[PDB]
Amino acid sequence: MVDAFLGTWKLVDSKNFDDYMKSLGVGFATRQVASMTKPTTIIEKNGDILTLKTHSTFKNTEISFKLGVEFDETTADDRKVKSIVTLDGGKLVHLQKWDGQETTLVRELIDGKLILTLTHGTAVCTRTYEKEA
Ligand SMILES: CCCCCCCCCC(=O)O
């Protein structure tokens, strides 16, 4: 079910990431650096367990989870959230909850590219990743 998402992916397009970060309360200096970073995202599985790494010259993160089972997460911007990841319409949907707030991180494959849509408040960011061999 998750298999075409697996592998190493590199950021190749970003729209409205500053808006998204600002909505989350990320400070201006972090938003500068992040606006010029191109992370590598690595998605792997081992049985029921998925591990999602995000690597860059600025922030690195790693999470492991089972689909459909809540997990604790500390995000790149230091939010402590309650998370769940699930497949919905063939999209990998990651929902984070904290302080009564929510944000969604939705991944879908379109023409072989991985499109990540980030929504918080009214801000909608679209980031495109392409697969590394
Ligand atoms: C430093 C800002 C962090 C915002 C939350 C994480 C954004 C992930 C973006 C991505 O994986 O392409």
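At-a-glance table
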item	result
Computed helical MRE - 222 nm, the chain, DSSP H runs ≥ 4 contributing -39500 (n - 2.57), nearest 500	-3000 deg cm²/dmol
Selection from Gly90, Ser56, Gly112 lying farthest towards where the dipole of the chain points positive, charges on Cβ	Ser56
Those residues of the stretch 65-94 whose amide nitrogen sits under 17 Å from the label point placed on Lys59, 7 Å along Cα→Cβ	72-84, 94
Largest-first principal axis extents of the Cα set of the chain (Å)	39, 34, 25
Nearest-20 debye value, the stretch 1-72 charge dipole, Cβ charges on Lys, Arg, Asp, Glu	300 debye
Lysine-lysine proximity count for the chain, Cα under 12 Å, sequence distance 8 or more or distinct chains	10
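Rule-based calculations on the coordinates, nothing more; no lab input. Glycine gets a Cβ as well: all are built from the backbone with ideal geometry, and neighbour counts include every protein chain shown.
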